[PDB]
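Engineer: show me the folded form of this:
(6 chains, ligands or ions: 26)
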Amino acid sequence: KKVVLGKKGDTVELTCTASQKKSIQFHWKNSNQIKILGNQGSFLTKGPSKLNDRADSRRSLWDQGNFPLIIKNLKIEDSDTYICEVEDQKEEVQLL
Amino acid sequence: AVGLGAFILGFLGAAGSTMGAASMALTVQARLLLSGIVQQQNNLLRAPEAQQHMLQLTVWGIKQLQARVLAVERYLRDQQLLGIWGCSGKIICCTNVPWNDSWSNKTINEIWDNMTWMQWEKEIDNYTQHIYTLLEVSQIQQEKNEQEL
Amino acid sequence: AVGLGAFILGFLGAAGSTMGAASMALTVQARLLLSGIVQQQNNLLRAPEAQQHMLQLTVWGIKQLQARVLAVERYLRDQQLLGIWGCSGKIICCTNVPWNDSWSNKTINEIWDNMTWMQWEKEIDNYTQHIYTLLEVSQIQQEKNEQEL
Amino acid sequence: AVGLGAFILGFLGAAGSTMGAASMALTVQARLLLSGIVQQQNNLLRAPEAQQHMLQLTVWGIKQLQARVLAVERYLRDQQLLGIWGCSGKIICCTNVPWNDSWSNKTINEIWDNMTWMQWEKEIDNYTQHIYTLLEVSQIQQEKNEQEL
Amino acid sequence: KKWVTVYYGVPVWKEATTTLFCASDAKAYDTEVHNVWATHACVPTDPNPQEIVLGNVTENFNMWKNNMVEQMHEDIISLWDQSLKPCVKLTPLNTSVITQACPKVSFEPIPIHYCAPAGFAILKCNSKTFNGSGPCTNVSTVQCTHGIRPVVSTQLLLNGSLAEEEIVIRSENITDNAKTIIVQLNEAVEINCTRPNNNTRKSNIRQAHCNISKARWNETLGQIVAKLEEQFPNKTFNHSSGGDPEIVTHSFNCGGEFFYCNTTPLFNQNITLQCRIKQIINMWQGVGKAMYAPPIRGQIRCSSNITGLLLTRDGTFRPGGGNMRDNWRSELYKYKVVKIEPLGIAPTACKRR
Amino acid sequence: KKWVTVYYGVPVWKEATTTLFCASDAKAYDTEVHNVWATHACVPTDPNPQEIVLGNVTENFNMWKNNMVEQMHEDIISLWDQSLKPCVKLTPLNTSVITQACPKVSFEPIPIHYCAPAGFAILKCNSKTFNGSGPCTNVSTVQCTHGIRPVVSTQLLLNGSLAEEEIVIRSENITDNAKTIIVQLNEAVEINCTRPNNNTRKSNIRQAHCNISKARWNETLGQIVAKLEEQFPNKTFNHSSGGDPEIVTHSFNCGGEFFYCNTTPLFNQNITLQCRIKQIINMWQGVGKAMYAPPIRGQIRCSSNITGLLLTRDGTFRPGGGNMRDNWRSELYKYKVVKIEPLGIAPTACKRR
Ligand SMILES: *[C@@H]1O[C@H](CO)[C@@H](O[C@@H]2O[C@H](CO)[C@@H](O[C@@H]3O[C@H](CO)[C@@H](O)[C@H](O[C@H]4O[C@H](CO)[C@@H](O)[C@H](O)[C@@H]4O[C@H]4O[C@H](CO)[C@@H](O)[C@H](O)[C@@H]4O)[C@@H]3O)[C@H](O)[C@H]2NC(C)=O)[C@H](O)[C@H]1NC(C)=O
Ligand SMILES: *[C@@H]1O[C@H](CO)[C@@H](O[C@@H]2O[C@H](CO)[C@@H](O[C@@H]3O[C@H](CO)[C@@H](O)[C@H](O[C@H]4O[C@H](CO)[C@@H](O)[C@H](O)[C@@H]4O[C@H]4O[C@H](CO)[C@@H](O)[C@H](O)[C@@H]4O)[C@@H]3O)[C@H](O)[C@H]2NC(C)=O)[C@H](O)[C@H]1NC(C)=O
Ligand SMILES: *[C@@H]1O[C@H](CO)[C@@H](O[C@@H]2O[C@H](CO)[C@@H](O)[C@H](O)[C@H]2NC(C)=O)[C@H](O)[C@H]1NC(C)=O
Ligand SMILES: *[C@@H]1O[C@H](CO)[C@@H](O[C@@H]2O[C@H](CO)[C@@H](O)[C@H](O)[C@H]2NC(C)=O)[C@H](O)[C@H]1NC(C)=O
Ligand SMILES: Cc1ccc(-c2ccc(NC(=O)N3CCC4(CCO4)CC3)cc2)cc1
Ligand SMILES: Cc1ccc(-c2ccc(NC(=O)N3CCC4(CCO4)CC3)cc2)cc1
Ligand SMILES: Cc1ccc(-c2ccc(NC(=O)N3CCC4(CCO4)CC3)cc2)cc1
Ligand SMILES: *[C@@H]1O[C@H](CO)[C@@H](O)[C@H](O)[C@H]1NC(C)=O
Ligand SMILES: *[C@@H]1O[C@H](CO)[C@@H](O)[C@H](O)[C@H]1NC(C)=O
Ligand SMILES: *[C@@H]1O[C@H](CO)[C@@H](O)[C@H](O)[C@H]1NC(C)=O
Ligand SMILES: *[C@@H]1O[C@H](CO)[C@@H](O)[C@H](O)[C@H]1NC(C)=O
Ligand SMILES: *[C@@H]1O[C@H](CO)[C@@H](O)[C@H](O)[C@H]1NC(C)=O
Ligand SMILES: *[C@@H]1O[C@H](CO)[C@@H](O)[C@H](O)[C@H]1NC(C)=O
Ligand SMILES: *[C@@H]1O[C@H](CO)[C@@H](O)[C@H](O)[C@H]1NC(C)=O
Ligand SMILES: *[C@@H]1O[C@H](CO)[C@@H](O)[C@H](O)[C@H]1NC(C)=O
Ligand SMILES: *[C@@H]1O[C@H](CO)[C@@H](O)[C@H](O)[C@H]1NC(C)=O
Ligand SMILES: *[C@@H]1O[C@H](CO)[C@@H](O)[C@H](O)[C@H]1NC(C)=O
Ligand SMILES: *[C@@H]1O[C@H](CO)[C@@H](O)[C@H](O)[C@H]1NC(C)=O
Ligand SMILES: *[C@@H]1O[C@H](CO)[C@@H](O)[C@H](O)[C@H]1NC(C)=O
Ligand SMILES: *[C@@H]1O[C@H](CO)[C@@H](O)[C@H](O)[C@H]1NC(C)=O
Ligand SMILES: *[C@@H]1O[C@H](CO)[C@@H](O)[C@H](O)[C@H]1NC(C)=O
Ligand SMILES: *[C@@H]1O[C@H](CO)[C@@H](O)[C@H](O)[C@H]1NC(C)=O
Ligand SMILES: *[C@@H]1O[C@H](CO)[C@@H](O)[C@H](O)[C@H]1NC(C)=O
Ligand SMILES: *[C@@H]1O[C@H](CO)[C@@H](O)[C@H](O)[C@H]1NC(C)=O
Ligand SMILES: *[C@@H]1O[C@H](CO)[C@@H](O)[C@H](O)[C@H]1NC(C)=O
Ligand SMILES: *[C@@H]1O[C@H](CO)[C@@H](O)[C@H](O)[C@H]1NC(C)=O
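Structural biologist: Residues are numbered from 1 along each chain as shown, chains lettered A, B, ... in the order given. Ligands and ions are numbered 1, 2, ... in the order given. Below you will find the coordinate block:
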């Protein structure tokens, strides 16, 4: 997996991508399979979890096939792993 | 007139002629066409030209084509339905069912030279189904025999 | 529905039937039509009638004919493309390439009576190109041999 | 362009090619089509859409169909007119009239490989009627002989 | 014995794609967006439908892998761009911003149906029960679809078709807690949304109320639960999680105005939703923002039929939305385009000569 | 060996004649002669041209023996007789004289193209260099021609097509000193002909001036000479010899008025030609004379493109004219109508049985 280490009390950007270079449906989930973020075509939605707030993406890069998860006001308690749901490319990353 | 299609219309003018004459006439026209001696002219509508008067030629333009398209489908259909009697893909199909003198006790010269198709198909109309049944049977037996070698 | 042409539409209703049943059904309808027992009805549009409403029937009048004309061209095209396998001008073409049990190890009764064409063409789909290649080769060899006498 | 029909248009592009190449090209396209490798695209008009602009597509919609329908009738007609030479239902018909060196004293390799159809049909144009007459005669003699057994 | 025989006229179809065309009952004289669009974009409707039922044919359909959906998407995105022009449009190209004149226009969606080009036909699933995928045991062939009114909305789908007998829960994977569940109702529920002409006050002119029957809502939701319990028998419909306002609230466009409605009264007589008319809209057409002209003075209302819901579940099914392709899937789920491949082969008891 | 084989589908054409039809962008609401004629005479233009290039086909064309030319002649003579009706017409039948009402009409030629009837197609010569006859080495097939604006003029041909790369000198026999040489320019030269609304004086009301650039005229004529010198390298464009006024001066019809212009300033900035508007016209339609109504009060002008010349040489190439069929040849030179004869024969290595 890809592991990204911050300074705990700051921000992290984890990323999922698609080779299509198109905006496609995607989701981000934690290790308990709880939704964090995802889209609905052009629209951004939030997941009903501990990361429902303090989180966003980059809508402008969705057409480049780049679907990031940005967590703000980051805490050590957020250092879980995350699963990408882009196409069938279920890649894993870890936040530290 | 129209509504019958080119296949029928090119044969229909022979309705008043004898059976023999009709066969000869078809042979001659085919020869002249194959050789490039004569040409077939069209009898199709010109299409509307003026928008304000277009109903006159789009109604009849479409109906004329519908008649021709259906004539083509009927022609092509029959050409394969005839596979049952072993006559698919043909205009003239000679088979192995012998003629019964009971259907009509006449010679072939009498039939082909002194009669028209309009008369011939009335004199033997009540045997049409008998003959058609026999044609199917003969084809079945031929297929049976060929596949035994 | 429409868009396929009469050739396909008259066969399409057999899509839910077995292969054997489909062949029998076609034979029966051909018999009834050749004998003058049944008639084929038309399903073509009436044409506009009223000028102010004509777009409704000239658009669909023309599209319906386009579908039929293209169906005729496809039918006639395939009937001659099949010359390669020695099957031109035919609906049912029997050839000399033997069936491989590796393509499908089933009897002909199992295939023709317990299966539909929709299933049959899936079970052997990965051999279609193999078989087609062999059909061409067989036809070439037959032509080669006939022309040596 | 248009006005000739799909039968001609699919062959017309070979007008600048040799006779041999034309035969090979037709064989290849037929193989690709039978195998489901390539597909034929349509070049037909979309029909009016807007009532106020409909003259533009009903005039040409109808004319395009008329051209195709007539092409079908000519194709089907010739396919049976050729019964006279014993070539009905065929694209390539081999017969028993020998070639005369007086019509053209060339080998078949020279004719098929170094010439186009446009040239070939000019070099022997003055023998066309002679040959056509002989083709009919040969067919008559074959029929005569078969019916004597 | 067992020789190859070639058969022509084999009734076998394969799935195919094509440049499928639209048809509608367009008028060209009423100035309304759909009827000044469809008059150049679509043809008159099919005057003679065939509905051929194909015996006992069983066909595998998949509403989530269909292509007709993309084609509907392209026509609707063209329709909106060519009509409901924003005053300000911002596309993330640095950005690229353009402005346009903003005449207001009437906006009332009409049913539009898709029709097969010559050489093609559309197979339709006629099962009363069909979950969106797998074999459908009753198949008919048509040239044109039923007709879909291109309502663009989130959370609740308005003016679509009904399931007739039962509420049908359709999902690509009902247990992956990712995909949106499309709930098709077997009954419609009326919703009456009004902005009365007395709201002339400004900081008001942007407030509207939507009235929903309690009896109808309660019966519908009880029926939905009865089906949800078959799939999830061990558990006993909640607030949205948040996100862009088009997802969070219910949204729709009527009269050219963009309405956003609070649905917590529905998911937790005359239940009223608080609605607002907004000018800054997040586009569904792609990523970007757009400004529309301010509200029309007068009384604007629409009465719509709730015919389905978009619900989601995590790892209490919440209203969801966006991804307009899914609204169209809810209507196109029963159709696929096929071509006929008449040439086939089979072993037989015959040989040549 | 070497047996006759009959082949069907042989891609061979032969030249043929047929009742070729016209098409144009006719309007039916602007009262103008061509657009109130073409609306009943011609169909809408071809919405879908094919331009099929026939490989390496070489075809023998002959612009002077073509039939499309006669067909264009019949439609144009019908057009003029049905529109620009003279007040007095004298045909040498003793003579037969008729009179007609003379409403004046707008007269502005529009391009009209000719289209093949079903069963036929038109071959087109696509060579950049083609002298009007003999083999053309780049041939394509079309249904309809480019479109010819039926300008009826002498000496200088207006609003035709250009040769694109070089000035082309075309003549049936460039050395017989009898036939008219058609010079197609690769560049157009603008001519501005005006009768200002201050010419209200009478014996004036019939005077007009045509303004030609010196720079453009001199370059064009130098280029023409460069080609004439290839054919005639030993010699180094003169006054017309005389004859009917339509030949002697340049003539054309615009706005319904018949203009005659003195071209000696061109063949010997702002070169001006003295022009007069006349009422007694020698018909091009056949032998006879006709009177037209007197000039319109107001300002009448036309700006035309010089696209070619008609020159002659005796036993200093002079402007020529008349014989309207030749103006149409200058546009129809690249087209011929053919039919396909699909049945052919060849020797092969096969036999029956
Ligand atoms: C589901 O389907 C139903 C139909 O079954 C849809 O309901 C219809 O919705 C439309 C749009 O809101 C509504 O249309 C209006 O009807 C009014 C009847 O009086 C018209 O007056 C009104 O036209 C005015 O507004 C337009 C713009 O909004 C202007 O373009 C137009 O020129 C008119 O505007 C002038 O007049 C008004 C009034 O005096 C004034 O305020 C303005 O300033 C201006 O001077 C529309 O035509 C239909 O009546 C509804 N149909 C029914 C049966 O109720 C429903 O929208 C669909 N659901 C979804 C989500 O799409
Ligand atoms: C080569 O092609 C070019 C185009 O690219 C051609 O040039 C055009 O030529 C026409 C004809 O001369 C000219 O049309 C006129 O335009 C005027 C614009 O103001 C119109 O006013 C005028 O109409 C009047 O005259 C008509 C008859 O001549 C009448 O029938 C009509 O009712 C009008 O007459 C009334 O009004 C006038 C003016 O007040 C008054 O004098 C009358 O008494 C009466 O009351 C024509 O429509 C085009 O404008 C030219 N186009 C361009 C771009 O310049 C050229 O002719 C072609 N060459 C050849 C040889 O054919
Ligand atoms: C397959 O679907 C068709 C279409 O809905 C069913 O046929 C319809 O039945 C109703 C009565 O319930 C009639 O009013 C319609 O006229 C029928 N339509 C057609 C085209 O026939 C059909 O019964 C269904 N078959 C199965 C096995 O479910
Ligand atoms: C034969 O003529 C055609 C038609 O002009 C030539 O093809 C065109 O070439 C231009 C570029 O110069 C393209 O823009 C056009 O789209 C082409 N048209 C078509 C129909 O293909 C062609 O190159 C010429 N061939 C020869 C050998 O001269
Ligand atoms: C759509 C359409 C299809 C087919 C036809 C058609 C035209 C002419 C014939 N010719 C014929 O029947 N003949 C009799 C038998 C003979 C003598 C030895 O062979 C040749 C001449 C057949 C079909 C017309 C239109
Ligand atoms: C444009 C068009 C062209 C052709 C057709 C057409 C119609 C019916 C058949 N019939 C058939 O396929 N059968 C099977 C084989 C059999 C049993 C022994 O022979 C006869 C019956 C074929 C083509 C329709 C439209
Ligand atoms: C209305 C219409 C009717 C028929 C056609 C048509 C299309 C293609 C062919 N094909 C062909 O001529 N070939 C040459 C011979 C060969 C090689 C061994 O067999 C096969 C390929 C024929 C007719 C088109 C339109
Ligand atoms: C004619 O019909 C009779 C029965 O009435 C039958 O015995 C005889 O064989 C038939 N002849 C032919 C040629 O079919
Ligand atoms: C079946 O395929 C095998 C090769 O895998 C070949 O040896 C055998 O002869 C084939 N049988 C038939 C009937 O084609
Ligand atoms: C060629 O024509 C001559 C008559 O000029 C004839 O004697 C000879 O038999 C013909 N040969 C063939 C192959 O037809
Ligand atoms: C459906 O979702 C479950 C739960 O995440 C998963 O185990 C299963 O593999 C998925 N099936 C498919 C076909 O995606
Ligand atoms: C909406 O108003 C109509 C009368 O126009 C009424 O029949 C319908 O029941 C109302 N719907 C609701 C939800 O109140
Ligand atoms: C919604 O219900 C309230 C109930 O007090 C009523 O006053 C209001 O007029 C209703 N609104 C609509 C649009 O029916
Ligand atoms: C609906 O209004 C309540 C306050 O009554 C608020 O707490 C809730 O978040 C609002 N819901 C939406 C979807 O806007
Ligand atoms: C749900 O909405 C109804 C609307 O009538 C309200 O009375 C009820 O208290 C709400 N319940 C919850 C848990 O928000
Ligand atoms: C939704 O669920 C949360 C618990 O996760 C609860 O606190 C909240 O009140 C519920 N809201 C509604 C409208 O049911
Ligand atoms: C709901 O609104 C209707 C009018 O649309 C009214 O007749 C009815 O009394 C209202 N119901 C309640 C509870 O206010
Ligand atoms: C809602 O459904 C009823 C039938 O129950 C129908 O009469 C009404 O027109 C429908 N309304 C809309 C907007 O589709
Ligand atoms: C062309 O003209 C010259 C000169 O008068 C003459 O000798 C020659 O025979 C002519 N050629 C043709 C084909 O007319
Ligand atoms: C004719 O006038 C136009 C302006 O309308 C000008 O561009 C053109 O060069 C002029 N032509 C001549 C020969 O003066
Ligand atoms: C022609 O040129 C002269 C130059 O003196 C100028 O006065 C006159 O206006 C020009 N005429 C036109 C129609 O351009
Ligand atoms: C042109 O005018 C001159 C006088 O300046 C005259 O000699 C000449 O013959 C005239 N040319 C024509 C063709 O009218
Ligand atoms: C030819 O015409 C020009 C016009 O500008 C004039 O200046 C020149 O003198 C003329 N030459 C002859 C030989 O007439
Ligand atoms: C034309 O040539 C003659 C000699 O034949 C000469 O006298 C006359 O001046 C020339 N005219 C022009 C305009 O070049
Ligand atoms: C030619 O006419 C144009 C206007 O059409 C004018 O601008 C230019 O100066 C004139 N040239 C001469 C030499 O008079
Ligand atoms: C003359 O040619 C130019 C292009 O160089 C074109 O724009 C103009 O419209 C043409 N004029 C006429 C009358 O054809």
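
Engineer: quick check: beta-bridge partners of residue E:193?
Structural biologist: Beta-bridge pairing for residue E:193 (DSSP bridges): residue E:210, residue E:302.

Engineer: surely it meets residue E:212?
Structural biologist: No - Residue E:193 sits out of contact with residue E:212 when judged by CB atoms under 8 Å, with a separation of 9.8 Å. The C-beta positions use only the backbone N, C-alpha and C, and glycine is treated the same way.

Engineer: show the contacting residues for residue E:51.
Structural biologist: By CB atoms under 8 Å, 6 or more residues apart in numbering or on different chains, the contact set of residue E:51 is C:1, E:140, E:141, E:142.

Engineer: what values do phi and psi take at it?
Structural biologist: With angles defined as degrees, to the nearest 10, residue E:51 sits at phi 40, psi 60.

Engineer: distance of it relative to residue E:140?
Structural biologist: 5 Å (CB to CB, to the nearest Å).

Engineer: among the contacts of residue E:51, which lie within helices?
Structural biologist: Among the contacts of residue E:51, no residue falls in helices (DSSP state H).

Engineer: among the residues you listed, which pair sits farthest apart?
Structural biologist: Greatest spatial distance among the contacts of residue E:51 (CB to CB): C:1 and E:140, at 8.5 Å.

Engineer: more neighbours, these two?
Structural biologist: residue C:1 (24 against 16; other CB atoms under 10 Å in any protein chain shown).

Engineer: got the contact list for that one?
Structural biologist: Residue C:1 touches E:49, E:50, E:51, E:52, E:116, E:121, E:122, E:141, E:142, E:143, counting by CB under 8 Å, 6+ apart.

Engineer: now the first one: which helix or strand?
Structural biologist: This points to residue E:49. Assigned by DSSP states H and E, residue E:49 belongs to no helix or strand.

Engineer: number of nearby residues for residue E:117?
Structural biologist: If we define neighbours as other CB under 10 Å, then residue E:117 has 20 of them.

Engineer: actually, residue E:48.
Structural biologist: Using other CB under 10 Å, the number of residues around residue E:48 comes to 14.

Engineer: for the one 5 residues further on, same thing?
Structural biologist: The burial metric for residue E:53, expressed as a neighbour count using other CB under 10 Å, is 14.

Engineer: that one reaches residue E:140, doesn't it?
Structural biologist: Yes - using CB under 8 Å, residue E:53 is in contact with residue E:140, at 4.6 Å.

Engineer: give me the secondary structure label for whatever residue of chain A ends up closest to ligand 26.
Structural biologist: Nearest to ligand 26, among the residues of chain A, is residue A:63, at 41.1 Å (CB to the nearest ligand atom). What DSSP: H, G, I helix; E, B strand; the rest coil gives for residue A:63 is helix.

Engineer: ok, stretch E:96-103 near chain A or not?
Structural biologist: No - judged by CB under 8 Å from any CB of the partner chain, stretch E:96-103 makes no contact with chain A; its nearest approach is 11.5 Å.

Engineer: what about that stretch, how long is it end to end?
Structural biologist: For stretch E:96-103, the first and last residues are 22 Å from each other (CA to CA, to the nearest Å).

Engineer: so which residue is smack in the middle of chain A?
Structural biologist: By CA atoms, centre = their mean, chain A has its centre lying nearest to residue A:69, at 2.9 Å.

Engineer: so who does it touch?
Structural biologist: Counting by CB under 8 Å, 6+ apart, residue A:69 touches A:13, A:14, A:15, A:16, A:28, A:36, A:37, A:55, A:57, A:82.

Engineer: does chain C have contacts with stretch E:37-47?
Structural biologist: Yes - Stretch E:37-47 lies within reach of chain C by CB under 8 Å from any CB, at E:43, E:44, E:46, E:47.

Engineer: give me the buried subset of the residues you listed.
Structural biologist: Buried members of those, counted by 16 or more other CB atoms under 10 Å in any protein chain shown: E:43, E:44, E:46.

Engineer: got the residues of chain B near ligand 8?
Structural biologist: Contact residues, chain B versus ligand 8 (CB under 6 Å from any ligand atom): B:98, B:100, B:102.

Engineer: picking up where we left off before, can you verify the residue nearest to the centre of chain A is assigned to a helix?
Structural biologist: No - according to three-state DSSP, residue A:69 belongs to no helix; its state is strand.

Engineer: what bridges to it?
Structural biologist: Bridge pairing for residue A:69 - DSSP bridges - gives residue A:14.

Engineer: tell me which element the closest residue to residue E:41 other than its chain neighbours falls in.
Structural biologist: In space, and not counting its chain neighbours, residue E:41 is closest to residue E:22: 6.4 Å by CB to CB, 6 or more residues apart in numbering or on different chains. If you go by DSSP H and E, residue E:22 is part of strand E:21-23.

Engineer: can you name every helix or strand that that strand contacts?
Structural biologist: Other elements packing on strand E:21-23 under the criterion 3 or more CB pairs under 8 Å, 6 or more residues apart in numbering or on different chains; DSSP states H and E are strand E:113-115.

Engineer: ok, residues contacting the strand it packs on?
Structural biologist: By CB under 8 Å, 6+ apart, the residues outside strand E:113-115 that reach it are E:20-24, E:43, E:45-46, E:68, E:71-72, E:122, E:143-148.

Engineer: buried ones among these?
Structural biologist: Buried among the contacts of strand E:113-115 by 16+ other CB under 10 Å: E:20-24, E:43, E:45-46, E:68, E:71-72, E:122, E:143-145, E:147-148.

Engineer: sorry, back to before: I'd like the residues of stretch E:37-47 next to chain C as TSV, with distance to ligand 21 and secondary structure appended.
Structural biologist: Formatted as TSV, those follow (distance: CB to the nearest ligand atom, whole Å; DSSP: H, G, I helix; E, B strand; the rest coil):
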residue	distance to ligand 21	secondary structure
E:43	51	strand
E:44	53	coil
E:46	60	coil
E:47	60	coil
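
Engineer: can you map out the strands along chain A?
Structural biologist: A:2-4, A:12-17, A:26-30, A:35-40, A:43-46, A:55-56, A:66-71, A:81-86, A:92-95 (DSSP state E).

Engineer: for the strand or helix carrying residue B:11, what is the distance to the chain centroid?
Structural biologist: For residue B:11, the element it lies in under DSSP H and E is helix B:6-12. Centre-to-centre, helix B:6-12 and its host chain are 8 Å apart (CA atoms, centre = their mean, to the nearest Å).

Engineer: any part of that helix near ligand 7?
Structural biologist: No - for helix B:6-12 and ligand 7, the contact criterion (CB under 6 Å from any ligand atom) is not met; the two come no nearer than 13.8 Å.

Engineer: what packs against that helix?
Structural biologist: helix B:19-34, helix B:55-81, helix D:55-81.

Engineer: in this structure residue E:241 contacts residue A:48, no?
Structural biologist: Yes - in this structure, residue E:241 is within contact of residue A:48 by CB under 8 Å, at 4.0 Å.
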